[PDB]
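Participant: experimental structure and its sequence below.
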Amino acid sequence: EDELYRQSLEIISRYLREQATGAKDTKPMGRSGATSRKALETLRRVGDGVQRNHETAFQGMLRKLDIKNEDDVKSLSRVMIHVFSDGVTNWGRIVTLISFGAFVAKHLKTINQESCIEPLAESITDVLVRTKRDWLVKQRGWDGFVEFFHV
Ligand SMILES: O=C1NS(=O)(=O)CCOCCCCCCN2C[C@@]3(CCc4cc(Cl)ccc43)COc3ccc1cc32
């Protein structure tokens, strides 16, 4: 159906939840599981680092957003399109999009709003896929993501 969106949601959703809970989801990945697994391995590697390399900027943006409830979470999509979409696309910016997402996911857990995590993963996936599909396809999607960061 829309395999790119589905795979993206599973990858982004799993990373955010893992980041928030600190525990790995042992369920099998859906279609294209080998790729999604590698993708998650990759996000654990480069995503974690981004959150630390931009510690100050990340906490600065989080404060600016002042996320306290569900309505604040809903407001995030507008900011994502404003900051992420409106700019030249590259894997780094995509990793930052997803990494700050994980940063926000951990925050949501600290303020006991864990139920907003999956909805947030959906919003991020919507922004990534629905505004950058052409770039993603041209760059070989997630297979391209894994190859890009291959060590
Ligand atoms: O390359 C970037 N900026 S840059 O050019 O200045 C590169 C350096 O920046 C350092 C951190 C700067 C602060 C982080 C701002 N964000 C987080 C966003 C906005 C709110 C939001 C909410 C949620 Cl749930 C997910 C994502 C996001 C959008 O994803 C991004 C993607 C790329 C950059 C910055 C962001």
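Facilitator: Yep, it's here. Numbering: from 1, shown residues only.
Participant: switch to C-alpha atoms for all contacts and neighbour counts from now on
Facilitator: Noted.
Participant: for the residue in the chain that the ligand sits nearest to, which non-adjacent residue is closest in space?
Facilitator: Distances between the chain and the ligand by CA to the nearest ligand atom are smallest at residue 97, namely 3.4 Å. Residue nearest to residue 97 in three dimensions, not counting chain neighbours: residue 84, with 6.7 Å by CA to CA, 6 or more residues apart in numbering.
Participant: one step back: isn't the residue of the chain closest to the ligand up against residue 83?
Facilitator: No. Residue 97 lies out of contact with residue 83 (CA atoms under 8 Å); the separation is 9.1 Å.
Participant: the more surrounded of the two?
Facilitator: residue 97 (20 against 12; other CA atoms under 10 Å).
Participant: list the buried residues in the longest helix seen in the chain.
Facilitator: Determined from DSSP state H, the single longest helix within the chain is helix 117-138. The neighbour-count check on helix 117-138 (16 or more other CA atoms under 10 Å) flags 117-118, 120-129, 136 as buried.
Participant: columns distance to residue 38 on top of those, output as CSV?
Facilitator: Formatted as CSV, these follow (distance: CA to CA, whole Å):
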residue, distance to residue 38
117, 22
118, 21
120, 22
121, 19
122, 20
123, 23
124, 20
125, 18
126, 21
127, 22
128, 19
129, 19
136, 17
